[PDB]
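[1] Next one to model:
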Amino acid sequence: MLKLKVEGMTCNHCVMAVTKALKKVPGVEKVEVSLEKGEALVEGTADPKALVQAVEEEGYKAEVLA
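    Numbers count the residues shown, from 1 in each chain. Below you will find the coordinate block:
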């Protein structure tokens, strides 16, 4: 159970990109993002950098909060 801060392009379809881009790697599979806030929670054992880096590639901003 880890949480990722998400910032940047405050739009609806962006949520689709991050949930899919994160679960792309076999690992967590359970990834959720808040509709009202840029907060995301993940349930698995994947690395922090894997998530941070994966969302970074799209041009969006993020920060892991252990």
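
[2] hey, which helix is longest across the chain?
    The single longest helix within the chain, with elements called by DSSP state H, is helix 13-23.

[3] Output the contacting helices and strands for that helix.
    Helices and strands touching helix 13-23, by 3 or more C-beta pairs under 8 Å, 6 or more residues apart in numbering; DSSP states H and E, are strand 30-33, helix 48-56. For the C-beta atoms, the positions are set from N, CA and C on the backbone; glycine is no exception.

[4] Out of those, the one nearest residue 65 is which?
    Nearest to residue 65 among these is helix 48-56; the distance by C-beta to C-beta comes to 9.3 Å.

[5] could you say what helices and strands the closest one packs with?
    Helix 48-56 packs on strand 2-7, helix 13-23, strand 61-65, going by 3+ C-beta pairs under 8 Å, 6+ apart.
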